């Protein structure tokens, strides 16, 4: 339904992703930006090649066309809004950014400025298709559920409850809103039922039929909508890999009112996972 005829557009896969040719971000016009925004709502992640030398001031202004920018992670000297993604300073797990926060980012703009000629691909997945591919009884179940997303590390403790199925505010289409990295458990199920259901959803939602895989070339820029995607940074390289990122704040994942109360354990109830995880990491 969204018309996007200005630039030359090369889709990556049927599910999502498109490379946009004929764009120069440095001095982009308002009209050209509006077209990129429509392409982002259509393709969920878009790639802008050959943008070497993009000035810091233009990079920040571009991000601010989408919303307020986050101030984190190292940042570019003189620009707290430009975050540094440096392999010498890696994320090979499917995730949606910062969903342990009540208001995750709406999206990001990432440019790999130094990297290997091969290795270090990034994958994205289409959470609309992950929801739409579930059968009707399961979609109906998930519409009424919420999940807790959490992180507990030194210096960062956060948790948030979000609908399992969210509407995109600017398309009105429903998308799965759970991810392996940050989702803990479904709130209305007991933990063992939650484990079983999330295990299925994590695998199904990152099926190759729902993903794209991008090979970075120096100067390439990726822009993605964090509301309706997951992504994964492939850890297949030893070379130095360095990226500049701006992160657009302000999502509020919203869906149906939950149709059941939170699961209430009895006093002293213990969670015994059905599947083994080690007690100690590396």
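Positions refer to the first chain, counted from 1.
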Looking at the other compared entries that model both neighbours, is residue 88 missing coordinates in at least a third of them?
yes
Any chance residue 238 is unbuilt in a third or more of the other entries we compared?
yes
For the step residue 89 to residue 90, what size class fits the number of deposited residues with no coordinates, none, 1 to 3, 4 to 9, or 10 or more?
1 to 3
In this entry, is the chain continuous from residue 72 to residue 73, or are deposited residues missing in between (none, 1 to 3, 4 to 9, 10 or more)?
1 to 3
Select between 198-206 and 76-84 the stretch whose C-alpha atoms have the higher average B-factor in the entry.
76-84
Compare the mean C-alpha B-factor of 219-227 with that of 47-55 as given in the PDB entry, and name the stretch with the higher value.
47-55
Highest recorded C-alpha temperature factor, please, choosing from 104, 144, 154, 137.
154
C-alpha B-factor winner, where the candidates are 213, 245, 37, 241
241
Record-listed C-alpha B factor of residue 17: chain third
lowest
Of the three thirds of its chain by CA temperature factor, lowest, middle or highest, which one includes residue 232?
lowest
Sort the modelled residues of this chain by their C-alpha B factor and say whether residue 120 lands in the lowest, middle or highest third.
middle
Assigned third (lowest, middle, highest) for the C-alpha B factor of residue 98:
middle
Among the modelled residues of its chain, the C-alpha B-factor of residue 113 falls in the third labelled highest
